[PDB]
């Protein structure tokens, strides 16, 4: 067993994950049905949030149907909110829906939510940080540092900031997010946070 690179996916090492908050685990894709048994037995997982595109599951040669079947057998709910890999625009567009699924599953309270993409290095940490920022009473830099300190990875902060802009927006003719400096929407006022939480919850089951 040899040295590997630190911020890159090593699929041959099997499913890997990090517990970020009691309710929330961020990791790489389950590779076979036995990995679902591990999650249920060792981590009390009751929900899986899969952020991959079909193209990703195909590339990786994963039998998703057998994964999902085992989830159902064990009472786990499997959810899909796809986003494109290494694509901040995709992540930004899909963040509100992905976070809606996550936050719904947390609110149900039946067990831990396992949030993953192919590697759990971009998409899955990005969704998790947005959830912490919007729902767990922190600013964006705190939310960001809290995850990255536990699980070294490279989520796009701009994607999360831009989804925050998108959800706080009340004027369809506001200047674009792309014109604003790095600091815009890195914190949100209490009324904006309330607006965001309602809009995210309104996407539950869309």
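Residue numbers count along the first chain shown, from 1.
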Mean C-alpha B-factor comparison - 155-163 and 34-42, higher one: 34-42
189-197 versus 14-22 - which carries the larger mean C-alpha B factor in the record: 189-197
Top residue by Cα temperature factor, when 82, 88, 122, 109 are compared in the entry: 109
Maximum C-alpha temperature factor, selected from 173, 60, 47, 144: 173
Modelled-residue ranking by C-alpha temperature factor, third containing residue 66: middle
Third assignment of residue 168 from its chain's C-alpha B-factors: highest
CA B-factor placement of residue 138, once the chain's modelled residues are sorted into thirds: highest
